[PDB]
Amino acid sequence: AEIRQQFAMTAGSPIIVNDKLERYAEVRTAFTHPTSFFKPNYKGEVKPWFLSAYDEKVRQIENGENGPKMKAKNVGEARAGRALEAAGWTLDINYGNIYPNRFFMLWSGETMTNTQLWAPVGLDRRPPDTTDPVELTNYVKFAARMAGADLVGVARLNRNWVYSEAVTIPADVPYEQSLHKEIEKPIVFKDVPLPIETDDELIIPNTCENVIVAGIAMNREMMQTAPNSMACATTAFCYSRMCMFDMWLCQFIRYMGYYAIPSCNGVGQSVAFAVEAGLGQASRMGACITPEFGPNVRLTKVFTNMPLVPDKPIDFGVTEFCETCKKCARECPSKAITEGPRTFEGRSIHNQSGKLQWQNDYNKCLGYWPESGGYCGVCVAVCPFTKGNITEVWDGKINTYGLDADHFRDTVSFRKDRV
Amino acid sequence: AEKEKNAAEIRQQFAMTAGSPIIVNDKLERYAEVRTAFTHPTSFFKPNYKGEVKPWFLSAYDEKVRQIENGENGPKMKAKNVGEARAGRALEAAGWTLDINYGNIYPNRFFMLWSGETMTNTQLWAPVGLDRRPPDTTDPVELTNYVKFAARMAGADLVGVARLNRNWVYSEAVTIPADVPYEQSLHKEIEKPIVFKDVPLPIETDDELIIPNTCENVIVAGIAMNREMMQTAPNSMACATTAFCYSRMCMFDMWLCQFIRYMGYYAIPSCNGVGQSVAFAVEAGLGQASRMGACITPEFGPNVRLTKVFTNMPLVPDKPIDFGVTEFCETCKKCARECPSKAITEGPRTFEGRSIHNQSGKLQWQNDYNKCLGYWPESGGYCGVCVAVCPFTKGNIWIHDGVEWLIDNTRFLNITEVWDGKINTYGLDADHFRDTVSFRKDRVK
Ligand SMILES: Oc1ccc(I)cc1
Ligand SMILES: Oc1ccc(I)cc1
Ligand SMILES: Oc1ccc(I)cc1
Ligand SMILES: Oc1ccc(I)cc1
Ligand SMILES: Oc1ccc(I)cc1
Ligand SMILES: Oc1ccc(I)cc1
Ligand SMILES: Oc1ccc(I)cc1
Ligand code: SF4
Ligand code: SF4
Ligand code: SF4
Ligand code: SF4
């Protein structure tokens with residue numbers, strides 16, 4: 001805790017920008033953009049990239065493999081890794097929960113079963129009893145830890161990182177047609193009392209002053225098997241942890257008398273929010289590197305008008321370390337990560353130009369996922385900041401939610417470190 | 001020098017030979033779930049603080065509202081201010097986000113689906129076929145290791161396996177008709193028989209919930225609550241650690257059922273439904289039954305929630321454990337003396353139920369659970385005083401004498417600070433989290 005104190009910077013977003021920067025349309029990510037969406041499977045059939053990746057998972061199971069060229073102990077072990085991966089995603093919609101105000105990501109609590117059951121108490125209808133940002137910051141961070149965050153930070157909302165247009169589906173489209181009917185929808189800020197969705201726009205109130213960012217730690221032993229199946233499993237379980245975090249915390253904020261917008265992988269760019277909220281620093285590979293977990297940590301965030309004290313950004317030397325390290329760039333199976341210096345100009349449509357960062361080719365990264373049948377993660381696994389076969393993982397150390405008691409003390413929290 | 005705590009060594013020392021530890025006689029019958037104090041008509045209605053008779057949880061709601069308005073965190077317990085009182089109830093209410101009508105008891109509804117076929121996750125993964133491909137592993141030894149590893153990923157702090165004893169499965173469940181939307185669920189609850197038949201998969205008809213005769217095993221999970229929050233019982237922060245753990249139970253069930261299905265087997269979730277969690281936990285070796293009626297575990301005492309999953313997956317049953325709880329409960333009686341409703345007996349165990357809420361025919365301490373429930377509207381919470389005062393809930397019970405582990409007999413002789421004090425992820429305590437580390441050796445023998 002006093003380590004993190006040592007590295008607090010003075011207030012101010014540390015992301016350097018120029019006058020070319022514009023908000024970024026979510027459809028441009030490699031996951032969704034038409035130029036990157038379709039990729040061949042191992043048979044040469046072109047399909048949506050995740051369906052070709054499915055074909056590789058099936059082929060690996062039948063051939064008793066945990067990953068590309070990686071023989072499992074037997075077919076049973078191969079099957080178990082994919083079963084664990086698939087199960088981890090149970091509380092996540094279509095890989096990331098990105099559709100705003102759909103399924104688990106509702107922008108109002110009013111229709112949720114938990115809100116209905118609690119309606120006679122009227123917590124969501126009662127004006128706030130606490131408006132002091134200091135007390136609120138302590139309450140909401142305590143709640144965040146109950147809700148499964150291993151790290152939590154607060155920043156003013158920088159609209160530069162909010163997607164200009166979200167990827168979503170029409171509100172009456174049933175789940176079974178969702179993947180075939182994704183659309184783009186603008187996210188705008190207006191003078192309205194509550195977050196609201198019209199036919200035309202997702203409307204965030206101008207009072208939405210703050211963003212709360214959570215880090216959800218992944219399991220080191222499993223991530224070290226990247227690009228094989230157990231790295232996929234710790235990824236997947238943490239997405240469901242993100243979803244529960246967003247819902248738990250939004251409900252807490254609503255029952256305190258404020259509004260709250262969940263996001264998971266939607267709404268805006270998590271790495272930028274996490275850096276501004278002080279969880280860590282941007283890195284060569286492009287992830288937020290944290291002191292506690294390096295880049296081996298997932299991110300989610302919640303937007304709110306609840307008064308809060310912003311945390312300070314931290315500087316523990318990541319930028320200078322990544323300058324000379326280049327280990328992620330040398331081991332990346334697709335050569336997606338640059339060995340060059342940071343610029344303001346993106347490599348392709350998948351990058352947001354106008355901000356100083358290491359510019360990576362994220363279509364090359366995604367191209368390796370159908371090939372390998374997984375979500376790679378080699379850059380995370382080799383990064384020195386992540387530090388301190390698959391049969392040995394299944395036979396080896398585990399604990400609740402994949403957390404490690406050898407390090408869990410480092411995320412203990414008292415009021416002194418919350419506000 | 002002090003020997004470092006070894007939770008695995010403790011469980012090995014107190015393991016007992018195979019066999020259900022629960023002593024029963026011939027008057028034992030399966031228990032209709034409607035008989036619980038939460039649901040039965042004799043106990044369901046309680047007065048609020050104005051003397052109005054209402055469903056008990058609605059009278060409890062009225063008391064929460066009154067406490068917030070009066071700046072209290074519990075009965076005659078002043079909060080630091082109204083904002084603190086409000087914060088405690090907001091945290092409690094939020095905790096329940098992934099739980100239907102206080103316990104997820106309706107089988108094969110909402111989160112508790114008996115088949116994965118309609119779930120969004122199953123649909124998304126359908127092209128891989130994991131739920132339709134026959135199992136690639138049938139060896140119960142490897143399956144036990146796989147499923148326990150998955151259980152820990154899924155949020156279990158403790159996990160154990162038992163053969164399914166049908167004595168503890170409810171004869172009839174409380175549920176709602178399949179065509180009833182959530183908004184009307186509380187007004188449309190019904191009973192439905194739980195039966196065992198020669199069918200390939202768990203199935204529900206208009207008249208019965210059908211568990212297959214092949215459903216051999218039950219997997220029991222312990223979900224640890226937070227010590228500092230539970231010690232505020234009967235006040236609001238004990239309600240909050242209870243509530244959050246119910247949503248953790250729900251996630252566990254769904255995660256684990258999907259893993260089992262994707263391994264080629266079927267899985268039935270339950271949370272507080274389907275059967276009696278304390279008996280399953282005892283038979284799976286998580287702990288022992290206690291005077292208060294809860295399962296007491298070596299790691300957490302009774303300050304741990306339970307859920308369970310039923311499956312045909314071949315597994316190795318765990319051994320029951322006997323670390324002397326019965327003998328300590330015979331002479332302790334702290335929970336009985338501190339219980340604000342006098343619900344817990346100070347007398348001997350018997351086979352005769354105290355009232356309709358107890359299942360007769362099994363040797364246990366017989367408590368009056370209508371008296372317990374009656375205190376919840378009075379206090380505006382879920383009490384928990386018995387859990388809070390139990391010496392096993394405290395985290396330093398265990399000492400090593402140079403030869404073996406033993407219980408320290410010396411143990412049996414506010415809310416602002418909680419909000420301002422120690423916390424960690426999911427409320428777990430890093431000073432004890434090493435106790436639940438797991439390697440293959442302690443997952444399967
Ligand atoms: O972050 C992500 C998103 C989609 C998938 I498929 C895997 C990892
Ligand atoms: O053209 C296509 C085909 C499948 C999908 I899913 C989306 C677009
Ligand atoms: O061509 C396309 C496909 C998906 C989306 I969202 C937008 C345009
Ligand atoms: O265990 C339980 C069940 C219902 C309620 I309301 C509180 C605690
Ligand atoms: O066209 C398809 C088929 C399967 C899935 I999963 C999504 C889109
Ligand atoms: O609001 C209400 C009223 C009766 C019942 I039964 C449940 C909820
Ligand atoms: O009369 C009753 C009472 C409880 C239930 I569940 C159904 C019918
Ligand atoms: S591997 Fe090295 S260069 Fe890449 S993100 Fe990690 S520290 Fe930076
Ligand atoms: S996930 Fe793999 S392919 Fe993608 S950038 Fe990292 S190392 Fe390269
Ligand atoms: S308080 Fe004492 S008698 Fe009651 S359950 Fe705990 S050990 Fe047993
Ligand atoms: S929860 Fe409270 S009222 Fe109920 S048995 Fe325990 S101490 Fe008594």
# chains A, B, ... in the order shown; residues from 1 in each chain; ligands from 1
>>> residues_near_ligand(ligand="ligand 8", cutoff="7 Å", atoms="only C-alpha atoms and all ligand atoms", output="PyMOL selection string")
chain A and resi 283-285+318+321-329+379+382-385
>>> write_last_selection(atoms="C-alpha atoms", output="PDB file, in the first residue's frame")
ATOM      1  CA  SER A 283       2.691  -0.554 -21.840  1.00  0.00           C
ATOM      2  CA  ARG A 284       4.338  -1.640 -25.092  1.00  0.00           C
ATOM      3  CA  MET A 285       1.860  -4.485 -25.565  1.00  0.00           C
ATOM      4  CA  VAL A 318       6.753   1.239 -16.837  1.00  0.00           C
ATOM      5  CA  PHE A 321      11.130  -0.197 -18.800  1.00  0.00           C
ATOM      6  CA  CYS A 322       9.104  -0.975 -21.928  1.00  0.00           C
ATOM      7  CA  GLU A 323      11.406   1.349 -23.856  1.00  0.00           C
ATOM      8  CA  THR A 324      14.263  -1.171 -23.636  1.00  0.00           C
ATOM      9  CA  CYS A 325      12.513  -4.472 -22.859  1.00  0.00           C
ATOM     10  CA  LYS A 326      10.692  -5.479 -26.094  1.00  0.00           C
ATOM     11  CA  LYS A 327      10.134  -9.029 -24.797  1.00  0.00           C
ATOM     12  CA  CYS A 328       6.434  -9.051 -25.692  1.00  0.00           C
ATOM     13  CA  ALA A 329       7.297  -7.922 -29.225  1.00  0.00           C
ATOM     14  CA  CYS A 379       2.491 -11.104 -24.353  1.00  0.00           C
ATOM     15  CA  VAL A 382       6.093 -13.305 -20.917  1.00  0.00           C
ATOM     16  CA  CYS A 383       5.962  -9.775 -19.483  1.00  0.00           C
ATOM     17  CA  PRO A 384       8.412  -9.423 -16.549  1.00  0.00           C
ATOM     18  CA  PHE A 385       5.787  -7.432 -14.641  1.00  0.00           C
TER      19      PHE A 385
END
>>> select_by_dssp(residues="stretch 276-416 of chain B", states="alpha helix (DSSP H)", output="PDB file with N, CA, C and O atoms, in the first residue's frame")
ATOM      1  N   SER B 277     -28.989 -28.528   2.756  1.00  0.00           N
ATOM      2  CA  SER B 277     -27.554 -28.344   2.525  1.00  0.00           C
ATOM      3  C   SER B 277     -26.684 -28.796   3.699  1.00  0.00           C
ATOM      4  O   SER B 277     -25.547 -29.233   3.487  1.00  0.00           O
ATOM      5  N   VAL B 278     -27.157 -28.644   4.934  1.00  0.00           N
ATOM      6  CA  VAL B 278     -26.329 -29.007   6.084  1.00  0.00           C
ATOM      7  C   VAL B 278     -26.046 -30.506   6.098  1.00  0.00           C
ATOM      8  O   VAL B 278     -24.921 -30.942   6.384  1.00  0.00           O
ATOM      9  N   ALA B 279     -27.063 -31.322   5.806  1.00  0.00           N
ATOM     10  CA  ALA B 279     -26.859 -32.767   5.800  1.00  0.00           C
ATOM     11  C   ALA B 279     -25.903 -33.182   4.690  1.00  0.00           C
ATOM     12  O   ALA B 279     -25.008 -34.005   4.912  1.00  0.00           O
ATOM     13  N   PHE B 280     -26.067 -32.622   3.490  1.00  0.00           N
ATOM     14  CA  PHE B 280     -25.131 -32.925   2.411  1.00  0.00           C
ATOM     15  C   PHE B 280     -23.712 -32.517   2.788  1.00  0.00           C
ATOM     16  O   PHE B 280     -22.756 -33.265   2.542  1.00  0.00           O
ATOM     17  N   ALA B 281     -23.555 -31.323   3.372  1.00  0.00           N
ATOM     18  CA  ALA B 281     -22.226 -30.853   3.747  1.00  0.00           C
ATOM     19  C   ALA B 281     -21.584 -31.774   4.776  1.00  0.00           C
ATOM     20  O   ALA B 281     -20.374 -32.034   4.725  1.00  0.00           O
ATOM     21  N   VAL B 282     -22.371 -32.276   5.728  1.00  0.00           N
ATOM     22  CA  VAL B 282     -21.824 -33.211   6.705  1.00  0.00           C
ATOM     23  C   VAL B 282     -21.396 -34.503   6.020  1.00  0.00           C
ATOM     24  O   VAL B 282     -20.309 -35.030   6.283  1.00  0.00           O
ATOM     25  N   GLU B 283     -22.214 -35.013   5.098  1.00  0.00           N
ATOM     26  CA  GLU B 283     -21.881 -36.290   4.475  1.00  0.00           C
ATOM     27  C   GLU B 283     -20.716 -36.162   3.514  1.00  0.00           C
ATOM     28  O   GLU B 283     -19.991 -37.147   3.300  1.00  0.00           O
ATOM     29  N   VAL B 325     -16.762 -31.519  17.293  1.00  0.00           N
ATOM     30  CA  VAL B 325     -17.772 -30.467  17.400  1.00  0.00           C
ATOM     31  C   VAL B 325     -18.897 -30.902  18.327  1.00  0.00           C
ATOM     32  O   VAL B 325     -19.330 -30.142  19.202  1.00  0.00           O
ATOM     33  N   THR B 326     -19.388 -32.134  18.149  1.00  0.00           N
ATOM     34  CA  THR B 326     -20.493 -32.614  18.968  1.00  0.00           C
ATOM     35  C   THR B 326     -20.166 -32.488  20.445  1.00  0.00           C
ATOM     36  O   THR B 326     -20.999 -32.037  21.239  1.00  0.00           O
ATOM     37  N   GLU B 327     -18.938 -32.845  20.827  1.00  0.00           N
ATOM     38  CA  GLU B 327     -18.578 -32.830  22.236  1.00  0.00           C
ATOM     39  C   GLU B 327     -18.430 -31.410  22.761  1.00  0.00           C
ATOM     40  O   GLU B 327     -18.717 -31.156  23.939  1.00  0.00           O
ATOM     41  N   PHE B 328     -17.981 -30.475  21.918  1.00  0.00           N
ATOM     42  CA  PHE B 328     -17.898 -29.081  22.349  1.00  0.00           C
ATOM     43  C   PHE B 328     -19.285 -28.454  22.445  1.00  0.00           C
ATOM     44  O   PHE B 328     -19.575 -27.719  23.395  1.00  0.00           O
ATOM     45  N   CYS B 329     -20.158 -28.745  21.475  1.00  0.00           N
ATOM     46  CA  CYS B 329     -21.528 -28.235  21.533  1.00  0.00           C
ATOM     47  C   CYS B 329     -22.280 -28.780  22.744  1.00  0.00           C
ATOM     48  O   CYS B 329     -23.174 -28.110  23.272  1.00  0.00           O
ATOM     49  N   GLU B 330     -21.930 -29.981  23.212  1.00  0.00           N
ATOM     50  CA  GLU B 330     -22.638 -30.537  24.359  1.00  0.00           C
ATOM     51  C   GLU B 330     -22.426 -29.700  25.612  1.00  0.00           C
ATOM     52  O   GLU B 330     -23.315 -29.632  26.466  1.00  0.00           O
ATOM     53  N   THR B 331     -21.268 -29.039  25.735  1.00  0.00           N
ATOM     54  CA  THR B 331     -20.941 -28.269  26.930  1.00  0.00           C
ATOM     55  C   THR B 331     -20.853 -26.767  26.697  1.00  0.00           C
ATOM     56  O   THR B 331     -20.718 -26.018  27.670  1.00  0.00           O
ATOM     57  N   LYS B 334     -23.082 -21.367  24.041  1.00  0.00           N
ATOM     58  CA  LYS B 334     -23.057 -19.910  23.879  1.00  0.00           C
ATOM     59  C   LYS B 334     -24.143 -19.435  22.923  1.00  0.00           C
ATOM     60  O   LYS B 334     -24.836 -18.455  23.203  1.00  0.00           O
ATOM     61  N   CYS B 335     -24.303 -20.102  21.784  1.00  0.00           N
ATOM     62  CA  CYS B 335     -25.321 -19.648  20.847  1.00  0.00           C
ATOM     63  C   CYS B 335     -26.709 -19.697  21.492  1.00  0.00           C
ATOM     64  O   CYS B 335     -27.510 -18.763  21.336  1.00  0.00           O
ATOM     65  N   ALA B 336     -27.010 -20.768  22.239  1.00  0.00           N
ATOM     66  CA  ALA B 336     -28.320 -20.854  22.878  1.00  0.00           C
ATOM     67  C   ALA B 336     -28.516 -19.726  23.880  1.00  0.00           C
ATOM     68  O   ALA B 336     -29.622 -19.185  23.998  1.00  0.00           O
ATOM     69  N   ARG B 337     -27.465 -19.360  24.624  1.00  0.00           N
ATOM     70  CA  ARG B 337     -27.621 -18.330  25.645  1.00  0.00           C
ATOM     71  C   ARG B 337     -27.721 -16.933  25.044  1.00  0.00           C
ATOM     72  O   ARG B 337     -28.417 -16.073  25.601  1.00  0.00           O
ATOM     73  N   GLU B 338     -27.051 -16.688  23.919  1.00  0.00           N
ATOM     74  CA  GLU B 338     -27.067 -15.372  23.294  1.00  0.00           C
ATOM     75  C   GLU B 338     -28.198 -15.187  22.289  1.00  0.00           C
ATOM     76  O   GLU B 338     -28.460 -14.046  21.884  1.00  0.00           O
ATOM     77  N   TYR B 369     -37.505 -22.926  14.943  1.00  0.00           N
ATOM     78  CA  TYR B 369     -37.149 -21.994  13.885  1.00  0.00           C
ATOM     79  C   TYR B 369     -38.231 -20.965  13.603  1.00  0.00           C
ATOM     80  O   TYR B 369     -37.954 -19.987  12.897  1.00  0.00           O
ATOM     81  N   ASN B 370     -39.447 -21.144  14.138  1.00  0.00           N
ATOM     82  CA  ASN B 370     -40.407 -20.043  14.112  1.00  0.00           C
ATOM     83  C   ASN B 370     -39.984 -18.937  15.072  1.00  0.00           C
ATOM     84  O   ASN B 370     -40.192 -17.752  14.795  1.00  0.00           O
ATOM     85  N   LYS B 371     -39.386 -19.304  16.208  1.00  0.00           N
ATOM     86  CA  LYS B 371     -38.869 -18.285  17.112  1.00  0.00           C
ATOM     87  C   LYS B 371     -37.727 -17.510  16.466  1.00  0.00           C
ATOM     88  O   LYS B 371     -37.677 -16.275  16.562  1.00  0.00           O
ATOM     89  N   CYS B 372     -36.804 -18.214  15.805  1.00  0.00           N
ATOM     90  CA  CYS B 372     -35.736 -17.539  15.072  1.00  0.00           C
ATOM     91  C   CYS B 372     -36.308 -16.560  14.054  1.00  0.00           C
ATOM     92  O   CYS B 372     -35.975 -15.366  14.058  1.00  0.00           O
ATOM     93  N   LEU B 373     -37.171 -17.053  13.157  1.00  0.00           N
ATOM     94  CA  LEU B 373     -37.690 -16.176  12.105  1.00  0.00           C
ATOM     95  C   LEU B 373     -38.427 -14.981  12.703  1.00  0.00           C
ATOM     96  O   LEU B 373     -38.364 -13.873  12.159  1.00  0.00           O
ATOM     97  N   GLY B 374     -39.092 -15.172  13.842  1.00  0.00           N
ATOM     98  CA  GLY B 374     -39.809 -14.067  14.459  1.00  0.00           C
ATOM     99  C   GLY B 374     -38.915 -12.899  14.835  1.00  0.00           C
ATOM    100  O   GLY B 374     -39.370 -11.750  14.882  1.00  0.00           O
ATOM    101  N   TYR B 375     -37.628 -13.160  15.079  1.00  0.00           N
ATOM    102  CA  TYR B 375     -36.719 -12.079  15.444  1.00  0.00           C
ATOM    103  C   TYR B 375     -36.265 -11.261  14.235  1.00  0.00           C
ATOM    104  O   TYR B 375     -35.792 -10.128  14.411  1.00  0.00           O
ATOM    105  N   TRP B 376     -36.434 -11.787  13.016  1.00  0.00           N
ATOM    106  CA  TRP B 376     -35.935 -11.070  11.839  1.00  0.00           C
ATOM    107  C   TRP B 376     -36.730  -9.798  11.575  1.00  0.00           C
ATOM    108  O   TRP B 376     -36.107  -8.736  11.396  1.00  0.00           O
ATOM    109  N   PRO B 377     -38.066  -9.804  11.567  1.00  0.00           N
ATOM    110  CA  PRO B 377     -38.775  -8.517  11.445  1.00  0.00           C
ATOM    111  C   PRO B 377     -38.498  -7.581  12.604  1.00  0.00           C
ATOM    112  O   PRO B 377     -38.436  -6.361  12.405  1.00  0.00           O
ATOM    113  N   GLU B 378     -38.343  -8.119  13.817  1.00  0.00           N
ATOM    114  CA  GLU B 378     -38.058  -7.273  14.971  1.00  0.00           C
ATOM    115  C   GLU B 378     -36.739  -6.530  14.792  1.00  0.00           C
ATOM    116  O   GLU B 378     -36.633  -5.340  15.116  1.00  0.00           O
ATOM    117  N   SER B 379     -35.728  -7.210  14.258  1.00  0.00           N
ATOM    118  CA  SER B 379     -34.396  -6.639  14.143  1.00  0.00           C
ATOM    119  C   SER B 379     -34.112  -6.050  12.772  1.00  0.00           C
ATOM    120  O   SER B 379     -33.107  -5.347  12.622  1.00  0.00           O
ATOM    121  N   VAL B 385     -26.604 -13.934  15.113  1.00  0.00           N
ATOM    122  CA  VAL B 385     -25.894 -13.796  16.381  1.00  0.00           C
ATOM    123  C   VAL B 385     -25.248 -15.122  16.775  1.00  0.00           C
ATOM    124  O   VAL B 385     -24.097 -15.159  17.234  1.00  0.00           O
ATOM    125  N   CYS B 386     -25.955 -16.237  16.540  1.00  0.00           N
ATOM    126  CA  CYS B 386     -25.412 -17.562  16.848  1.00  0.00           C
ATOM    127  C   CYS B 386     -24.107 -17.826  16.098  1.00  0.00           C
ATOM    128  O   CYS B 386     -23.139 -18.336  16.681  1.00  0.00           O
ATOM    129  N   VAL B 387     -24.070 -17.501  14.804  1.00  0.00           N
ATOM    130  CA  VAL B 387     -22.839 -17.624  14.025  1.00  0.00           C
ATOM    131  C   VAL B 387     -21.751 -16.720  14.597  1.00  0.00           C
ATOM    132  O   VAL B 387     -20.589 -17.131  14.759  1.00  0.00           O
ATOM    133  N   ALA B 388     -22.115 -15.482  14.923  1.00  0.00           N
ATOM    134  CA  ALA B 388     -21.138 -14.504  15.383  1.00  0.00           C
ATOM    135  C   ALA B 388     -20.500 -14.908  16.707  1.00  0.00           C
ATOM    136  O   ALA B 388     -19.298 -14.678  16.922  1.00  0.00           O
ATOM    137  N   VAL B 389     -21.280 -15.501  17.626  1.00  0.00           N
ATOM    138  CA  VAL B 389     -20.733 -15.803  18.955  1.00  0.00           C
ATOM    139  C   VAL B 389     -20.104 -17.178  19.049  1.00  0.00           C
ATOM    140  O   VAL B 389     -19.421 -17.468  20.046  1.00  0.00           O
ATOM    141  N   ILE B 415     -19.897  -0.579  13.599  1.00  0.00           N
ATOM    142  CA  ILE B 415     -20.071  -0.645  12.147  1.00  0.00           C
ATOM    143  C   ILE B 415     -19.255   0.426  11.418  1.00  0.00           C
ATOM    144  O   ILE B 415     -18.732   0.167  10.322  1.00  0.00           O
ATOM    145  N   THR B 416     -19.107   1.621  11.998  1.00  0.00           N
ATOM    146  CA  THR B 416     -18.174   2.598  11.435  1.00  0.00           C
ATOM    147  C   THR B 416     -16.773   2.002  11.291  1.00  0.00           C
ATOM    148  O   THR B 416     -16.121   2.158  10.253  1.00  0.00           O
TER     149      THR B 416
END
>>> closest_atom_pairs(of="chain A", to="ligand 2", cutoff="7 Å", atoms="only C-alpha atoms and all ligand atoms", output="Markdown table")
| residue | atom | partner | partner_atom_place_in_ligand_line | distance |
| --- | --- | --- | --- | --- |
| A:48 | CA | ligand 2 | 4 (C) | 5.9 |
| A:179 | CA | ligand 2 | 6 (I) | 5.0 |
| A:180 | CA | ligand 2 | 6 (I) | 4.9 |
>>> write_last_selection(atoms="N, CA and C atoms", output="PDB file, in the first residue's frame")
ATOM      1  N   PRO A  48     -16.848 -16.161 -39.737  1.00  0.00           N
ATOM      2  CA  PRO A  48     -16.581 -15.294 -38.580  1.00  0.00           C
ATOM      3  C   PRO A  48     -15.443 -15.861 -37.757  1.00  0.00           C
ATOM      4  N   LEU A 179     -26.151 -12.062 -32.632  1.00  0.00           N
ATOM      5  CA  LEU A 179     -24.921 -11.966 -33.414  1.00  0.00           C
ATOM      6  C   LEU A 179     -25.191 -11.553 -34.858  1.00  0.00           C
ATOM      7  N   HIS A 180     -26.369 -11.880 -35.394  1.00  0.00           N
ATOM      8  CA  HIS A 180     -26.691 -11.563 -36.777  1.00  0.00           C
ATOM      9  C   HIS A 180     -27.289 -10.177 -36.953  1.00  0.00           C
TER      10      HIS A 180
END
>>> residues_near_ligand(ligand="ligand 3", cutoff="10 Å", atoms="only C-alpha atoms and all ligand atoms", output="PyMOL selection string")
chain A and resi 26-28+31-35+37+166-169+179-185
>>> atom_distance(atom1="atom CA of residue B:298", atom2="atom CA of residue A:143")
27.8 Å
>>> closest_residue(among="A:15, A:301, A:41, A:95", to="ligand 5", atoms="only C-alpha atoms and all ligand atoms")
A:95
>>> closest_residue(among="B:97, B:303, B:20, B:48", to="chain A", atoms="only C-alpha atoms")
B:97
>>> residues_near_ligand(ligand="ligand 4", cutoff="9 Å", atoms="only C-alpha atoms and all ligand atoms", output="ChimeraX atom specification")
/B:38,56-57,60,101-103,239,242-243,246,272,305,376,381-383
>>> residues_around(residues="residue A:159", least_positions_apart="3", cutoff="9 Å", atoms="only C-alpha atoms", output="MDAnalysis selection string")
chainID A and resid 23 162:163 268
>>> residues_near_ligand(ligand="ligand 9", cutoff="7 Å", atoms="only C-alpha atoms and all ligand atoms", output="PyMOL selection string")
chain A and resi 285+328+331-337+364-366+368+375-380
>>> write_last_selection(atoms="N, CA and C atoms", output="short mmCIF file (atom, residue, chain, number, x, y, z; two decimals), in the first residue's frame")
data_model
loop_
_atom_site.label_atom_id
_atom_site.label_comp_id
_atom_site.auth_asym_id
_atom_site.auth_seq_id
_atom_site.Cartn_x
_atom_site.Cartn_y
_atom_site.Cartn_z
N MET A 285 2.88 -3.59 -25.02
CA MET A 285 1.86 -4.48 -25.57
C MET A 285 0.51 -3.79 -25.70
N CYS A 328 7.72 -8.66 -25.12
CA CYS A 328 6.43 -9.05 -25.69
C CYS A 328 6.53 -9.03 -27.21
N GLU A 331 8.33 -12.27 -28.64
CA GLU A 331 7.68 -13.57 -28.50
C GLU A 331 6.28 -13.63 -29.10
N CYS A 332 5.73 -12.50 -29.54
CA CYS A 332 4.36 -12.47 -30.04
C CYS A 332 4.27 -13.33 -31.29
N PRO A 333 3.36 -14.31 -31.34
CA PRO A 333 3.35 -15.26 -32.47
C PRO A 333 2.97 -14.63 -33.80
N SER A 334 2.35 -13.45 -33.79
CA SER A 334 1.88 -12.79 -34.99
C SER A 334 2.65 -11.53 -35.34
N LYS A 335 3.68 -11.17 -34.56
CA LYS A 335 4.43 -9.93 -34.75
C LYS A 335 3.51 -8.72 -34.76
N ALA A 336 2.47 -8.77 -33.92
CA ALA A 336 1.50 -7.68 -33.82
C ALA A 336 2.07 -6.47 -33.07
N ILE A 337 3.00 -6.70 -32.15
CA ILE A 337 3.49 -5.66 -31.24
C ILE A 337 4.74 -5.01 -31.82
N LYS A 364 -3.33 -8.43 -36.93
CA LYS A 364 -2.37 -9.54 -36.85
C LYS A 364 -2.58 -10.35 -35.58
N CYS A 365 -2.81 -9.68 -34.44
CA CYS A 365 -3.10 -10.41 -33.21
C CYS A 365 -4.32 -11.31 -33.38
N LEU A 366 -5.45 -10.74 -33.81
CA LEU A 366 -6.66 -11.54 -33.93
C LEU A 366 -6.47 -12.71 -34.89
N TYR A 368 -4.14 -14.67 -35.17
CA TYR A 368 -3.55 -15.83 -34.51
C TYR A 368 -4.56 -16.60 -33.67
N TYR A 375 -7.23 -17.54 -27.01
CA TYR A 375 -7.15 -16.09 -26.90
C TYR A 375 -5.71 -15.64 -26.68
N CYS A 376 -4.75 -16.46 -27.13
CA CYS A 376 -3.32 -16.23 -26.98
C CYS A 376 -2.96 -15.79 -25.56
N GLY A 377 -2.51 -14.54 -25.41
CA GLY A 377 -2.02 -14.06 -24.13
C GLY A 377 -0.54 -14.25 -23.89
N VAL A 378 0.22 -14.61 -24.93
CA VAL A 378 1.66 -14.80 -24.77
C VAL A 378 2.33 -13.51 -24.29
N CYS A 379 1.88 -12.36 -24.79
CA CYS A 379 2.49 -11.10 -24.35
C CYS A 379 2.30 -10.92 -22.85
N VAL A 380 1.08 -11.16 -22.35
CA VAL A 380 0.85 -11.12 -20.90
C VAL A 380 1.74 -12.14 -20.19
#
>>> closest_residue(among="B:106, B:146, B:323, B:49", to="residue B:191", atoms="only C-alpha atoms")
B:106
>>> closest_residue(among="B:435, B:9, B:29, B:139", to="residue B:353", atoms="only C-alpha atoms")
B:29
